[PDB]
Amino acid sequence: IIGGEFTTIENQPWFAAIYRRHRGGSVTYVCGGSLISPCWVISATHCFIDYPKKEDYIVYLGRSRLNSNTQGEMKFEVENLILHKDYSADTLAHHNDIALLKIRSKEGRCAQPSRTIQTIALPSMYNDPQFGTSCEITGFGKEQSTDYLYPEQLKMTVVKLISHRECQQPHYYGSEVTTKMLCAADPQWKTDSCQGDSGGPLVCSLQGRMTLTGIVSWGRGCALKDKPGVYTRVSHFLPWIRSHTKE
Amino acid sequence: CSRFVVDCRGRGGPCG
Ligand SMILES: *Cc1cc(C*)cc(C*)c1
């Protein structure tokens with residue numbers, strides 16, 4: 001996250017920190033995700049496409065730091081890794097950039113709500129906030145696009161939803177963005193998501209409910225003028241989410 | 001680059 005503020009997991013308790021085990025036993029951060037039910041985390045396929053094996057991955061909930069344990073965290077294995085079979089990218093755009101991870105602790109349990117862990121509501125079919133709405137993003141992504149290290153404490157910021165018309169202006173992204181995506185950014189272009197924030201939530205009030213409106217997906221650079229974040233538009237993926245999370 | 005890279009296909013990343 002460029003700009004914004006250091007926060008703690010209590011303030012974004014649906015946030016999932018996803019890591020990969022390496023040959024050697026070294027563990028590195030992959031991407032963010034969001035807890036949408038006790039057993040289910042949603043993320044972005046591009047995060048996993050290179051190494052699509054569920055056994056590689058660890059999911060933490062209730063965790064506020066990147067490479068240190070925090071009180072209230074819980075650790076999970078990935079029981080099912082579901083990538084979108086129509087995932088595709090051009091030079092910049094990612095289509096169907098959506099993944100599901102079924103989580104299970106070694107003791108065979110799903111998540112339990114606590115002061116540090118809560119699910120986030122999915123929107124109803126095609127139900128999105130009006131453009132101009134202020135939403136939140138969060139993650140362990142770069143604080144500056146030129147940095148080589150990642151912040152060790154979770155960050156969040158506020159960005160505003162941009163109309164399709166405006167985002168489909170040529171000096172924005174043109175026809176790179178579809179009805180299956182949402183653009184969001186800072187009016188003054190000083191705060192944004194960045195590398196490392198992929199798969200994490202775009203969270204908006206809607207129905208007076210904190211709602212997973214988007215998943216961090218793509219953009220050109222980070223915090224560049226007329227170059228918003230592009231998010232997978234959750235309200236348009238309910239059937240995919242339904243046909244892949246049946247109990 | 002390496003297999004230890006964070007979010008290699010993310011925005012601003014090598015393959016974003
Ligand atoms: C160096 C690198 C790393 C990944 C994960 C992907 C690409 C295309 C290049």
Side-chain angles (χ1 to χ4, degrees), chain A residues 1-2 15-34 41-60 63 66-67 76-78 80-103 137-152 154-155 173 176-178 180-181 192-202 214-224 227-232, chain B:
Chain A
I1 303 286
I2 319 299
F15 183 79
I18 312 178
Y19 302 71
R20 184 154 94 78
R21 259 180 299 233
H22 295 263
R23 213 203 285 178
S26 76
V27 169
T28 55
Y29 193 63
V30 176
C31 279
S34 300
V41 165
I42 200 165
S43 192
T45 275
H46 85 237
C47 289
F48 308 102
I49 203 51
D50 293 296
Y51 292 86
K53 296 289 88 85
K54 69 174 169 196
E55 298 89 353
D56 291 354
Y57 293 96
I58 290 166
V59 176
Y60 277 95
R63 183 165 169 132
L66 180 59
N67 294 298
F76 298 90
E77 290 316 305
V78 179
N80 304 128
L81 180 58
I82 309 192
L83 307 190
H84 191 117
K85 55 165 211 189
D86 297 326
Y87 167 81
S88 67
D90 60 15
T91 212
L92 254 178
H94 294 58
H95 313 267
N96 301 318
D97 194 11
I98 189 162
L100 288 154
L101 290 87
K102 199 177 163 167
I103 53 168
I137 55 172
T138 185
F140 286 116
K142 288 185 181 189
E143 299 192 79
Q144 295 305 333
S145 63
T146 47
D147 291 348
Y148 285 89
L149 305 174
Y150 296 78
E152 277 295 327
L154 192 66
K155 292 189 76 193
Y173 290 128
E176 298 240 68
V177 322
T178 69
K180 292 202 186 297
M181 306 172 191
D192 204 355
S193 68
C194 207
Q195 183 175 0
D197 297 311
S198 293
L202 174 75
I215 298 155
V216 177
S217 176
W218 63 275
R220 181 184 284 269
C222 307
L224 300 180
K227 294 314 168 185
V230 194
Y231 295 82
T232 307
Chain B
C1 103
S2 21
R3 73 184 309 209
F4 304 106
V5 171
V6 174
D7 191 20
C8 67
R9 292 168 190 285
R11 61 186 303 195
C15 284

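The chains referred to below are lettered A, B, ... by the order of the sequence lines, with proteins before strands, and numbering in each begins at 1. We count ligands from 1, going down the list as the structure has it; atoms in each ligand are counted the same way.
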Next on the checklist: If we ignore hydrogens and angles and just use 3.5 Å, is the side chain of A:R20 paired with the main-chain N or O of B:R3 as donor and acceptor?
Outcome noted: yes
Item to check | Amino acids in close contact with ligand 1, where any non-hydrogen atom sits under 4.0 angstrom away | outcome: A:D50, B:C1, B:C8, B:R9, B:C15
Item to check | Given A:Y150, A:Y29, A:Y19, the one that forms ring pair (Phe, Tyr, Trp, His ring centres under 6.0 Å) with A:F140 | outcome: A:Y29
Next on the checklist: Is the positively charged end of A:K142 above the ring of A:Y148, judged by distance under 6.0 angstrom from the centroid and angle within 45° of the axis?
Outcome noted: yes
Item to check | Smallest separation among heavy atoms of A:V41 and A:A16, with atom names | outcome: CG1-CB, 3.8 Å
Next on the checklist: Could you tell me if A:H95 and A:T178 have a donor-acceptor pair between their side chains, going purely by distance under 3.5 Å?
Outcome noted: no
Item to check | B:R9 with A:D50: basic N within carboxylate O range, under 4.0 Å | outcome: yes
